[PDB]
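For reference, the structure is listed below as structure tokens.
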Amino acid sequence: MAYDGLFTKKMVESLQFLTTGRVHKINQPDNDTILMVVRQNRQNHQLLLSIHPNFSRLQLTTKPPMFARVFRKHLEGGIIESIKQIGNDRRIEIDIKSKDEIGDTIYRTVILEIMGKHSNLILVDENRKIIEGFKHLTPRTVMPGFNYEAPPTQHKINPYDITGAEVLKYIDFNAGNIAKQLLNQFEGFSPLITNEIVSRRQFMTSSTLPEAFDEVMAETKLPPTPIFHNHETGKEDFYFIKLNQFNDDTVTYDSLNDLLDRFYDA
């Protein structure tokens, strides 16, 4: 769950330099992972897309089965027209334009949904007909016949579409695990960020909550601080800003990709 919406917003920002690049290679080093090399001005870049139930994520990194095959068929060759996030959700869509077998142009979208054990990687056409799924849902259906439909959802709100003054409407201060309430109403939030906001004033009240919220959402728009963090716990975490919850120890990095490269070595 530390791969948030907001973390996603920031990983997507750093992947825009790949727009225009050509999909040059696609491997699958295990059942949970797609490695997609994008060649932009004659240099290669390794895009890792993991669907792993714990480690689901999207990053560039540093160091053939059916699904990879299907992917090469439709994508190998193509140009990346767009990489974008759906709302503030934990969903990235890469838009590729390519050729089929007999040269006619085809329009494809790769959809990564990062939801712990409900993580999936999915290929659809320009009309959202699912071409293939790294995982199938039979019992929403996620099979090659069908139209892709977004995840369940609780009709949450996009924290970017709302002001702090406006958040109040959705908070009962008397209730009140303010972080838990913020997690329940806002798309792409996590414990990390909810706890952080609640931490940005001494007390959570109708005057302060708005201030905290705005303050934090403003910081999300700044270029991030890729940061690794407890010697008491043994625990490890990562994020894209420094969180008053992060004392004690912490290493920061050049990029989120570096940050991740390290963190998932163990």
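Naming scheme: A, B, ... for chains in displayed order of the structure tokens; residues 1 onward per chain; ligands 1 onward as shown.
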List the spatial neighbours of residue 244 (chain A) as a tab-separated table (two decimals) with N, CA, C and O atoms, in the first residue's frame - criterion: any atom at most 10 Å away, only C-alpha atoms, same-chain residues fewer than 2 positions off excluded.
chain	number	residue	atom	x	y	z
A	195	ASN	N	-1.83	9.61	7.63
A	195	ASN	CA	-1.16	9.89	8.91
A	195	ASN	C	-0.30	11.14	8.82
A	195	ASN	O	-0.37	12.02	9.66
A	196	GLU	N	0.40	11.28	7.73
A	196	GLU	CA	1.13	12.54	7.53
A	196	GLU	C	0.29	13.85	7.64
A	196	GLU	O	0.75	14.83	8.20
A	197	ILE	N	-0.92	13.87	7.06
A	197	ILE	CA	-1.72	15.08	7.00
A	197	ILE	C	-2.16	15.45	8.41
A	197	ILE	O	-2.01	16.63	8.84
A	199	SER	N	-0.85	14.58	11.13
A	199	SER	CA	0.40	15.08	11.77
A	199	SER	C	0.86	16.49	11.47
A	199	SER	O	1.90	16.89	11.95
A	200	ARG	N	0.18	17.24	10.64
A	200	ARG	CA	0.74	18.53	10.27
A	200	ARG	C	0.19	19.71	11.03
A	200	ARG	O	0.37	20.86	10.57
A	241	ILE	N	8.23	11.89	-0.37
A	241	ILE	CA	8.58	13.03	0.44
A	241	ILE	C	8.98	12.56	1.82
A	241	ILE	O	8.82	11.40	2.12
A	242	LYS	N	9.54	13.45	2.64
A	242	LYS	CA	9.96	13.09	4.00
A	242	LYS	C	8.86	13.29	5.01
A	242	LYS	O	8.27	14.34	5.07
A	246	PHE	N	8.92	9.63	9.64
A	246	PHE	CA	10.05	8.87	9.15
A	246	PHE	C	11.30	8.88	10.00
A	246	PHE	O	12.10	7.97	9.86
A	247	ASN	N	11.51	9.79	10.93
A	247	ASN	CA	12.59	9.57	11.90
A	247	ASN	C	12.49	8.12	12.24
A	247	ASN	O	11.38	7.65	12.39
A	248	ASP	N	13.57	7.35	12.38
A	248	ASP	CA	14.93	7.77	12.53
A	248	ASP	C	15.66	7.81	11.24
A	248	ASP	O	15.75	8.85	10.62
### Residue neighbourhood residue 45 (chain A), 9 Å, only C-alpha atoms, exclusion window fewer than 5 positions, as an NGL selection string
:A and (18 or 36-40 or 60-62)
Just N, CA, C and O atoms for this one: save the residues we selected as a PDB file, in the first residue's frame.
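Saved as again-v4.pdb:
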ATOM      1  N   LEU A  18       9.764   9.039 -21.729  1.00  0.00           N
ATOM      2  CA  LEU A  18       9.601   7.902 -22.630  1.00  0.00           C
ATOM      3  C   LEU A  18       8.516   8.107 -23.740  1.00  0.00           C
ATOM      4  O   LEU A  18       8.487   7.358 -24.717  1.00  0.00           O
ATOM      5  N   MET A  36       9.755  -4.326 -19.989  1.00  0.00           N
ATOM      6  CA  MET A  36       9.413  -3.825 -21.326  1.00  0.00           C
ATOM      7  C   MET A  36      10.502  -2.835 -21.690  1.00  0.00           C
ATOM      8  O   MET A  36      10.543  -1.778 -21.070  1.00  0.00           O
ATOM      9  N   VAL A  37      11.415  -3.161 -22.627  1.00  0.00           N
ATOM     10  CA  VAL A  37      12.432  -2.134 -22.956  1.00  0.00           C
ATOM     11  C   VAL A  37      12.015  -1.121 -24.049  1.00  0.00           C
ATOM     12  O   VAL A  37      11.572  -1.487 -25.102  1.00  0.00           O
ATOM     13  N   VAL A  38      12.096   0.159 -23.696  1.00  0.00           N
ATOM     14  CA  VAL A  38      11.737   1.244 -24.538  1.00  0.00           C
ATOM     15  C   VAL A  38      12.988   1.940 -25.020  1.00  0.00           C
ATOM     16  O   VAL A  38      13.824   2.344 -24.237  1.00  0.00           O
ATOM     17  N   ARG A  39      13.090   2.092 -26.330  1.00  0.00           N
ATOM     18  CA  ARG A  39      14.252   2.669 -26.977  1.00  0.00           C
ATOM     19  C   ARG A  39      13.837   4.050 -27.461  1.00  0.00           C
ATOM     20  O   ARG A  39      12.918   4.200 -28.227  1.00  0.00           O
ATOM     21  N   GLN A  40      14.487   5.059 -26.920  1.00  0.00           N
ATOM     22  CA  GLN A  40      14.181   6.444 -27.169  1.00  0.00           C
ATOM     23  C   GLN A  40      15.531   6.938 -27.658  1.00  0.00           C
ATOM     24  O   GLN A  40      16.522   6.580 -27.092  1.00  0.00           O
ATOM     25  N   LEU A  60      11.340   2.264 -13.726  1.00  0.00           N
ATOM     26  CA  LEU A  60      12.485   1.894 -14.541  1.00  0.00           C
ATOM     27  C   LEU A  60      13.492   1.215 -13.639  1.00  0.00           C
ATOM     28  O   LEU A  60      13.608   1.606 -12.521  1.00  0.00           O
ATOM     29  N   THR A  61      14.277   0.287 -14.137  1.00  0.00           N
ATOM     30  CA  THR A  61      15.251  -0.349 -13.288  1.00  0.00           C
ATOM     31  C   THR A  61      16.539  -0.658 -13.987  1.00  0.00           C
ATOM     32  O   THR A  61      16.713  -0.346 -15.139  1.00  0.00           O
ATOM     33  N   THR A  62      17.442  -1.285 -13.253  1.00  0.00           N
ATOM     34  CA  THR A  62      18.710  -1.743 -13.780  1.00  0.00           C
ATOM     35  C   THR A  62      18.866  -3.207 -13.453  1.00  0.00           C
ATOM     36  O   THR A  62      18.642  -3.614 -12.341  1.00  0.00           O
TER      37      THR A  62
END
### Task
List every residue of region 16-262 of chain A that DSSP, applied to the backbone of this structure, places in strand (DSSP E), and write the result as a PyMOL selection string.
chain A and resi 22-30+33-40+43-50+57-61+79-85+91-99+105-113+120-125+130-133+227-228+238-239+251-252
Selection: 9 Å around residue 212 (chain A), only C-alpha atoms, excl. self and same-chain fewer than 2 positions, as a PDB file with N, CA and C atoms, in the first residue's frame:
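Result went into out_21.pdb, see below:
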ATOM      1  N   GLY A 164      -9.369  22.117   0.839  1.00  0.00           N
ATOM      2  CA  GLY A 164      -9.431  21.698   2.238  1.00  0.00           C
ATOM      3  C   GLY A 164     -10.734  22.119   2.881  1.00  0.00           C
ATOM      4  N   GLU A 196       0.404  11.283   7.726  1.00  0.00           N
ATOM      5  CA  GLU A 196       1.129  12.541   7.527  1.00  0.00           C
ATOM      6  C   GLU A 196       0.287  13.853   7.637  1.00  0.00           C
ATOM      7  N   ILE A 197      -0.916  13.869   7.064  1.00  0.00           N
ATOM      8  CA  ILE A 197      -1.717  15.082   7.001  1.00  0.00           C
ATOM      9  C   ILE A 197      -2.157  15.455   8.408  1.00  0.00           C
ATOM     10  N   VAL A 198      -2.765  14.450   9.068  1.00  0.00           N
ATOM     11  CA  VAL A 198      -3.193  14.485  10.485  1.00  0.00           C
ATOM     12  C   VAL A 198      -2.089  14.990  11.428  1.00  0.00           C
ATOM     13  N   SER A 199      -0.851  14.578  11.133  1.00  0.00           N
ATOM     14  CA  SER A 199       0.397  15.079  11.766  1.00  0.00           C
ATOM     15  C   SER A 199       0.857  16.490  11.465  1.00  0.00           C
ATOM     16  N   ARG A 200       0.176  17.239  10.639  1.00  0.00           N
ATOM     17  CA  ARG A 200       0.736  18.535  10.274  1.00  0.00           C
ATOM     18  C   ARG A 200       0.187  19.710  11.028  1.00  0.00           C
ATOM     19  N   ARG A 201      -0.475  19.446  12.131  1.00  0.00           N
ATOM     20  CA  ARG A 201      -0.851  20.449  13.066  1.00  0.00           C
ATOM     21  C   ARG A 201      -0.975  19.673  14.319  1.00  0.00           C
ATOM     22  N   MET A 204      -6.356  17.946  15.122  1.00  0.00           N
ATOM     23  CA  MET A 204      -7.224  17.913  13.947  1.00  0.00           C
ATOM     24  C   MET A 204      -8.581  18.505  14.362  1.00  0.00           C
ATOM     25  N   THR A 208      -8.088  23.370  11.411  1.00  0.00           N
ATOM     26  CA  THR A 208      -6.734  22.949  11.082  1.00  0.00           C
ATOM     27  C   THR A 208      -6.652  21.953   9.924  1.00  0.00           C
ATOM     28  N   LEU A 209      -7.674  21.082   9.841  1.00  0.00           N
ATOM     29  CA  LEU A 209      -7.651  19.961   8.908  1.00  0.00           C
ATOM     30  C   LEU A 209      -7.458  20.522   7.527  1.00  0.00           C
ATOM     31  N   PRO A 210      -8.272  21.525   7.122  1.00  0.00           N
ATOM     32  CA  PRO A 210      -8.113  22.139   5.803  1.00  0.00           C
ATOM     33  C   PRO A 210      -6.708  22.591   5.505  1.00  0.00           C
ATOM     34  N   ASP A 214      -4.374  21.025   2.520  1.00  0.00           N
ATOM     35  CA  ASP A 214      -3.877  21.842   1.454  1.00  0.00           C
ATOM     36  C   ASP A 214      -2.345  21.803   1.463  1.00  0.00           C
ATOM     37  N   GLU A 215      -1.755  22.041   2.624  1.00  0.00           N
ATOM     38  CA  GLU A 215      -0.311  22.027   2.751  1.00  0.00           C
ATOM     39  C   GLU A 215       0.254  20.767   2.109  1.00  0.00           C
ATOM     40  N   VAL A 216      -0.309  19.627   2.452  1.00  0.00           N
ATOM     41  CA  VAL A 216       0.254  18.392   1.919  1.00  0.00           C
ATOM     42  C   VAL A 216       0.052  18.232   0.426  1.00  0.00           C
ATOM     43  N   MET A 217      -1.154  18.519  -0.062  1.00  0.00           N
ATOM     44  CA  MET A 217      -1.429  18.343  -1.477  1.00  0.00           C
ATOM     45  C   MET A 217      -0.593  19.323  -2.291  1.00  0.00           C
TER      46      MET A 217
END
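Relative to CA of residue 159 (chain A), CA of residue 186 (chain A) is found at 5.9 Å.
Each of A:88, A:141, A:120, A:109 was checked against residue 160 (chain A) using only C-alpha atoms; the smallest atom-to-atom distance is that of A:88.
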### Task
Please return as a ChimeraX atom specification: the residues of region 44-145 of chain A that backbone DSSP assigns to alpha helix (DSSP H).
/A:66-75
### Contacts of residue 180 (chain A) within 8 Å, only C-alpha atoms, excl. fewer than 3 positions in-chain, as number ranges by chain
A: 177, 183-184, 191, 194
Would you save the residues from that selection as a compact mmCIF listing (two decimals), in the first residue's frame, using N, CA and C atoms?
# COMPACT_ATOMS: atom_id res chain seq x y z
N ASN A 177 -11.34 8.68 13.61
CA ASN A 177 -9.93 8.42 13.32
C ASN A 177 -9.71 9.20 12.06
N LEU A 183 -8.67 8.14 4.51
CA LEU A 183 -8.46 6.96 3.69
C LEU A 183 -9.77 6.48 3.07
N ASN A 184 -10.86 6.51 3.78
CA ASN A 184 -12.09 6.03 3.20
C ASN A 184 -12.69 6.90 2.14
N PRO A 191 -2.47 5.04 4.34
CA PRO A 191 -2.06 5.26 5.69
C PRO A 191 -0.93 6.29 5.81
N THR A 194 -2.31 9.74 4.86
CA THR A 194 -3.35 10.15 5.81
C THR A 194 -2.72 10.48 7.16
